[PDB]
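Undergrad: can you look at this? It's an experimental structure, sequence on top.
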Amino acid sequence: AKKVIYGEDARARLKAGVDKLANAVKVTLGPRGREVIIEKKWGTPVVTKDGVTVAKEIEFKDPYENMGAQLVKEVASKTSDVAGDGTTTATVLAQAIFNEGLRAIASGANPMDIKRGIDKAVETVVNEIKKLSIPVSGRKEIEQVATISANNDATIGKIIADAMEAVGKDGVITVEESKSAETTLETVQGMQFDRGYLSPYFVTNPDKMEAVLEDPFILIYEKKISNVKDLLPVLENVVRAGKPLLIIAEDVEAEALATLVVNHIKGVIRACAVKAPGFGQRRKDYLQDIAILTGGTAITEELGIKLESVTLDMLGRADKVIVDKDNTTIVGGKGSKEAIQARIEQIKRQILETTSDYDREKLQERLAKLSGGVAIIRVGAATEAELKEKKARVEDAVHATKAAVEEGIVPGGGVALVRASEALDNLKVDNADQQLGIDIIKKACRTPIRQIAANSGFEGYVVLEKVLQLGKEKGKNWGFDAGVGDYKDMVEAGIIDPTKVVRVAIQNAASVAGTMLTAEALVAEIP
Amino acid sequence: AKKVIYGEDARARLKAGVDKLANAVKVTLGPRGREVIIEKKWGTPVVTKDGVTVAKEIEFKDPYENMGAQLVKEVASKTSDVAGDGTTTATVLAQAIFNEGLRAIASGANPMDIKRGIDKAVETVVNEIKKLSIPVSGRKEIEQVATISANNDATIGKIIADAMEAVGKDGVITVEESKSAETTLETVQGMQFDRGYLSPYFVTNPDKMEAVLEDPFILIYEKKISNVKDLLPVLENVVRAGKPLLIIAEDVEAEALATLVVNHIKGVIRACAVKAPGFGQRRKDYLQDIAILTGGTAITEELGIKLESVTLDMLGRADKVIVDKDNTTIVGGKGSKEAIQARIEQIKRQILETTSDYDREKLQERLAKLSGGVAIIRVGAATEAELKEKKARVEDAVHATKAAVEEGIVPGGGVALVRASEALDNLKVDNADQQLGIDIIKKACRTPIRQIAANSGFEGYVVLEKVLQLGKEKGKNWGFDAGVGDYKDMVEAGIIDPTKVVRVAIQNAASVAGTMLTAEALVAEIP
Amino acid sequence: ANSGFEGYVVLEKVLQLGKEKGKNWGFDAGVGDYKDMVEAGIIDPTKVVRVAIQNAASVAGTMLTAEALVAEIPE
Ligand SMILES: Nc1ncnc2c1ncn2[C@@H]1O[C@H](COP(=O)(O)OP(=O)(O)NP(=O)(O)O)[C@@H](O)[C@H]1O
Ligand SMILES: Nc1ncnc2c1ncn2[C@@H]1O[C@H](COP(=O)(O)OP(=O)(O)NP(=O)(O)O)[C@@H](O)[C@H]1O
Ligand SMILES: [Mg+2]
Ligand SMILES: [Mg+2]
């Protein structure tokens, strides 16, 4: 059984649902925003300042108020997926657009024309933001963006700035929970994977459980090694060279492995055998990456080269390999620069499509493995409750730092939307109702700065008026520093946020709020 | 369906939840603290004085009050995991920080700045505690620490002091329930495991049921022995030496075992065979630990030596072994007294990284087996109900004794926190709200001493004033002896607790309590 | 407690001042400090203190051993 409600009754339900969701999220906005404790059915409650985390939990008993809440939750969800930051700003913007749109509709405006006017205004606002955008000069902007996104935490900003330099432009940064109270940065350069150490007898550094080979030969072969007859020819010729030998396969069984280890103990060869990483389809690409990095080729099942007939011609080579209990690293063969570049070009071309289908984001890691490096930031705290909140802030700053490199940086503290909203004064349209939609965006763009002031104990309208006039007297980058409560140049002070975050937040907020305003009836099941 | 509460209503719920949990735990604090009986659904109720045990059982009907209770339970849980003692002190500290933080916030202070001020004060307090820390000189402090942590039980302190000396600096102490009413200490030196006595006919002393062998040869072979054709060649050469032979194998069955027992009865050899300890990978390392201690080499499938091809060259040796119905003990390998130090260093280097992996002392047991010994304290009482509480106190004193060796000892009775809080008078910060956070820690650090006095029937504020003034008139170590009710030197009187416990308690209490103070809204499901 | 101080803390210090200073030393509630009561003029007739404790103990003892209460049913 369904019930349908119409007109002002329908919009009243939607407004109540949107307001109750937005009121919970908006308390976390700004440098003086406060956190929200979320009940978890099993275990410790979650304390968080993250906007999308709070929004994802909200749900209401009233079927019609819930519909309003669930629509605005999409604003925070989409912003997190695309930018990873600005979810609270997007939620604040969505409420402002919806609330002002209802006032215009209540005056008799056409709901569809308001949406058309809103779309035109957002196109102008996004263009203005890109004009204010400044490309990241280097470490100074990176450390400033990380500090601001981490809720003004210079310790986190320093670590992320170091991580960006270590892995470079094409590297990847991963955030994990440390097992101790300290927060550490761990960087590894070159190829590595989660396999190795088929037997303890390959020890070369007993003080560290490390198997170390210098200028080793790398054997990339798919299937098992299960007998001496085929393993001997590969061993029969590496002895002549005298260089160390490394074996990568799915496994080496007892009859096969006992040959090398009894040979390794006597020192006729210095070698080690490791299992090939991955499963199923995901095998060949890694070994192909490993083979192309080593300057040799991968012995492939499709290739048909019998293990007996192999030689030193296609045997791979590296400079240094380190093997431990569960990990092996290859420094690099520094070969095939153009060939790997094609895979780098292709993988990123595949990423933009495979990101909607892959099981894990490790496809990006495949790019970084043969072209850059990976950095692991292990967040640590005295307790689990503090660690969860600290780790979330680090993830937000990592995402914001990545977004800043792509599209530059913009004045923070909500100044960018205030500056962009000024151009809407010159945007005139012939339709009266579409003009109301433009006016809605102008008021909405100036809402985040007022909420930041309100959270810090200042009047939003007083702060907004000063910031508007300071744009003419001092410059476009001047704003309000809610941390200490005075006006200054935001870009010089380091209060900046990425252009991508600001652009995505206004676009997502307008798309949902504009769609909701066109509604006239709500259909929901009777409880 | 969620409901969100804000501001003072939210903090009122949290304070009620924290207070109700803390009130139950705090009755167990001090030498005159009393016990709590916890209902168990099936069986006898549990009577305990353990702070974390009481905290773990607390749960409330109100979802918002339960949120406060579950967060503070993390303070007691983390303290028990890290130090094993001081869980009641940590819970008392957490309530004091949270209660005083709410008062500051109600006056208009910024919650985030209070947390920053709290963090600075804890850093100073921890530094001061390490200044007061005195390293453990020997048995005198070990007995004093064990006695205090066992609730002033001298008999328990004596036993633990003996156990520490027996196993040495690198041994391990295990607490178990005795089958009788007496409490006994049992110490064994050297390697031992839970296998042995494949056949009852291997008897050297029929009075005591064991198979003592003098200067035996130890045969470390991984797989099964199941034929005469391979056992006999190894038997062909042990007879020449005339020394006894010990077999460690996967399983000796009828056909293989019948050879020795018939031969053993005839007296041509004196030998015994035992089960190999462990399963899976836990097999591999154990015989490796046995092989290195005995001076021989383990005959693994990996090594590549067949059973009939073995000889005296790699056969292990020992001075004397004891094998009984369920235990085999090797008392001395007479070799590799230099190699094990490298092995020892390799082990704890793995131990610290595998602290995330292990859930049983087997990680340290293997290290303790070869480098030291193990001591089993079997707690006994006339009744199961009394035994449960007595065993808990013994475990607390064992953990405290271990923690005292690591980081030294500090004046007890809450004096250390009082002395450390004095340095907070000199700590000034530029932000007014951060100063309130420092003042919160100063009051919190002086709460445990007042609660100990309150449990003993004295006035806490009167006791605190005297202890503060005695710090300069008499010395820093002077405090209040709540057991008898007079002031004296705590270090001379033996009222001391480990530095690690005091440091861990304040750090865990501040991390959780500081995090909760930044909360503004609570999201919980409607019941 | 009525004046805004902890009752047991005040009582404990008044007991201490009974032998450090003298028997007449107590706590002044008009201004929160300890002083000699007789010199300060904070004195009571000894009949009041004597009769109050005697009267209070008499009624309390009567009610402690009361075994039955007889009253009319309110309609
Ligand atoms: N010191 C400051 N003074 C003024 N504005 C600031 C300051 N620090 C940060 N901001 C601004 O405050 C906003 C950041 O607050 P934050 O709580 O991260 O909002 P969000 O990014 O929209 N949500 P989340 O997904 O939770 O990070 C941005 O607009 C910053 O530019
Ligand atoms: N005779 C004593 N006089 C004064 N203080 C004492 C005395 N004995 C112990 N204490 C102190 O009282 C505290 C020990 O009480 P205890 O009940 O063990 O607290 P906890 O260790 O925080 N909780 P638990 O985990 O249950 O042991 C420490 O601060 C001791 O220094
Ligand atoms: Mg952010
Ligand atoms: Mg204790």
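TA: Great, that's in hand. Residues are numbered from 1 along each chain as shown, chains lettered A, B, ... in the order given. Ligands and ions are numbered 1, 2, ... in the order given.
Undergrad: hey, where'd the strands end up in chain C?
TA: C:25-28, C:33-36 (DSSP state E).
Undergrad: the residue in chain C positioned nearest to chain B: neighbour count?
TA: Closest to chain B within chain C is residue C:12: 5.3 Å, counting by Cβ to the nearest Cβ. C-beta coordinates here come from the backbone N, C-alpha and C atoms, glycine included. Other residues lying near residue C:12 total 15 when counted by other Cβ atoms under 10 Å in any protein chain shown.
Undergrad: what does residue A:357 give?
TA: Residue A:357, neighbours per other Cβ under 10 Å, totals 7.
Undergrad: contact partners for the closest residue to residue A:79 other than its chain neighbours?
TA: Spatially, and ignoring its direct neighbours in sequence, residue A:79 is nearest to residue A:90 (4.4 Å; Cβ to Cβ, 6 or more residues apart in numbering or on different chains). Residues near residue A:90 by Cβ atoms under 8 Å, 6 or more residues apart in numbering or on different chains: A:51, A:75-76, A:78-79, A:504-506, A:508-509.
Undergrad: what helix or strand does residue A:90 sit in?
TA: Element membership of residue A:90, judged by DSSP states H and E, is helix A:87-106.
Undergrad: coming back round to it: relative to residue B:465, how far out is the residue of chain C closest to chain B?
TA: 11 Å (Cβ to Cβ, to the nearest Å).
Undergrad: wasn't residue A:522 part of a strand?
TA: Yes: with DSSP: H, G, I helix; E, B strand; the rest coil as the criterion, residue A:522 is part of a strand.
Undergrad: hey, what's it bridged with?
TA: When assigned by DSSP bridges, residue A:522 has beta-bridge partners residue A:5.
Undergrad: hang on, it packs against residue A:10?
TA: Yes: the criterion here is Cβ atoms under 8 Å, and residue A:522 meets it with residue A:10 at 4.7 Å.
Undergrad: shared neighbours of these two, anything?
TA: In contact with both residue A:522 and residue A:10: residue A:64, using Cβ under 8 Å, 6+ apart.
Undergrad: show me what from chain C comes close to chain B.
TA: C:6, C:8-9, C:12-13 (Cβ under 8 Å from any Cβ of the partner chain).
Undergrad: check which helices and strands the lengthiest helix in chain C sits against.
TA: Ranked by residue count under DSSP state H, the longest helix found in chain C is helix C:46-64. If contacts are counted by 3 or more Cβ pairs under 8 Å, 6 or more residues apart in numbering or on different chains; DSSP states H and E, helix C:46-64 sits against no helix or strand.
Undergrad: helix, strand, or coil at residue A:269?
TA: Assigned with three-state DSSP, residue A:269 falls in the coil class.
Undergrad: tell me the contacts of it?
TA: Going by Cβ under 8 Å, 6+ apart, the list of residues near residue A:269 reads A:235, A:238-239, A:244-245, A:260, A:263.
Undergrad: which one among those gets closest to ligand 1?
TA: residue A:244 (49.7 Å; Cβ to the nearest ligand atom).
Undergrad: partners of the closest residue to that closest one other than its chain neighbours in the sheet?
TA: Excluding the flanking residues, the one nearest residue A:244 by Cβ to Cβ, 6+ apart is residue A:213, at 3.6 Å. When bridges are called by DSSP bridges, residue A:213 pairs up with residue A:321.
Undergrad: give me the neighbour count for residue C:46.
TA: 8.
Undergrad: roughly how far apart are residue C:74 and residue C:68?
TA: 18 Å.
Undergrad: which parts of the longest helix out of those in chain A count as buried, going by neighbours?
TA: The residue-count maximum for a helix in chain A (DSSP H) belongs to helix A:384-407. Residues A:385-405, A:407 are the ones in helix A:384-407 that count as buried (16 or more other Cβ atoms under 10 Å in any protein chain shown).
Undergrad: can you name the next helix or strand after that helix?
TA: strand A:409-411.
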